[PDB]
Ligand SMILES: Cn1nc(CN2C[C@@H](C(N)=O)CCC2=O)c2ccccc21
Ligand SMILES: [Zn+2]
């Protein structure tokens, strides 16, 4: 579990979104595993606007933050799971690191702010859904 809170927006994994998020939906994309809803209170996270490929992510299944190198956002085949059939997921970045399904939502951050959230993984890899291209999260 986990979410990003920026301005009047809440960013979560689409597969973990609540009734309130769908009722207050701003934007969602199944192919990205992302959902953005509106909030009443202002959030304090800053979204990174950069091309960093190194950062730190939180891994709940180890209660640890790991420094990682990660690939650029791309279209990657993701195996079937409880929440999606086997499909290509877009804007996904991979790293060598530990992850389990319940680690989704863990933040990946660089020196500029939040880069994305854990979304995929398996066999010593961890995948993060990028949020750096969603420029509108910084305004309105
Ligand atoms: C973080 N993560 N995730 C999954 C599977 N998965 C993919 C997710 C997706 N984005 O398509 C949907 C939820 C889910 O359970 C997984 C398996 C094994 C290890 C680490 C893992
Ligand atoms: Zn950065």
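Compute the FRET efficiency between residue 31 and residue 79 as 1/(1 + (r/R0)^6), taking r as their Cβ-Cβ distance and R0 = 22 Å, and round to the nearest 0.05. Can you show the working numbers first?
Numbers: r = 15 Å, r/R0 = 0.70.
Efficiency computed from Cβ-Cβ geometry: 0.90.
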(request) Would you mind telling me which residue in 24, 13, 123 has the biggest mean-square fluctuation in a Gaussian network model of the chain, where springs connect alpha carbons within a distance under 10 angstrom? (result) 123
(message) Would any residue of segment 98-131 have its amide N under 18 Å from a label point 7 Å out along Cα→Cβ of residue 69? List them or say none.
(response) 98, 109-111, 124-128
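What list do you get for 25, 135, 94 if you sort them by fewest beta carbons within 10 Å?
Lowest count first: 135, 25, 94.
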(request) Return a whole-number percent for the relative contact order of the chain, with Cα pairs under 8 Å and 6 or more residues apart as the contact set. (result) 25
(request) In a Gaussian network model over the chain where Cα atoms closer than 10 Å are linked, find which of 12, 78, 115 has the largest mean-square fluctuation. (result) 78
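Given segment 45-140, what percent of its DSSP beta bridges are antiparallel, to the nearest 5? Mind showing how you got there, number by number?
Numbers: 27 of 28 bridges.
The antiparallel proportion sits near 95 percent.
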(message) If I model a spin label at residue 112 and residue 44 as a point 7 Å from the Cα along the Cα→Cβ vector, what separation in nanometres do I get?
(response) 2.3
(request) Return 46, 120, 39 ranked ascending by Cβ neighbour count within 10 Å, so the fewest neighbours appear first. (result) 46, 39, 120
(message) Could you tell me how far the Cα centroid of segment 109-129 sits from the Cα centroid of segment 1-73, in Å?
(response) 10
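Restricting things to alpha carbons, find the Rg to Rh ratio for segment 46-91 using the Kirkwood radius for Rh. Please report the intermediate quantities before stating the final value.
Numbers: Rg = 13.7 Å, Rh = 13.1 Å.
That ratio equals 1.04.
So what is the diffusion coefficient of the chain in µm² per second by Stokes-Einstein at 4 °C and 1.567 mPa s, using a Kirkwood Rh over Cα pairs?
Working: Rh = 14.9 Å.
D = 87 µm²/s.
For segment 3-44, rounded, prolate or oblate, judged on the Cα gyration tensor with a ≥ b ≥ c (square roots of eigenvalues), a/c < 1.5 rounded, else prolate if a/b > b/c?
Here segment 3-44 falls in the prolate category.
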(message) Using only the alpha-carbon atoms, what does segment 81-140 span along each of its principal axes? Please give whole angstrom values in decreasing order.
(response) 37, 25, 17
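Quick reminder, even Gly has a Cβ in these numbers, built from the backbone with ideal geometry, and neighbours come from all protein chains shown. Since every read-out is calculated from the coordinates, none of them should be taken as a lab result.
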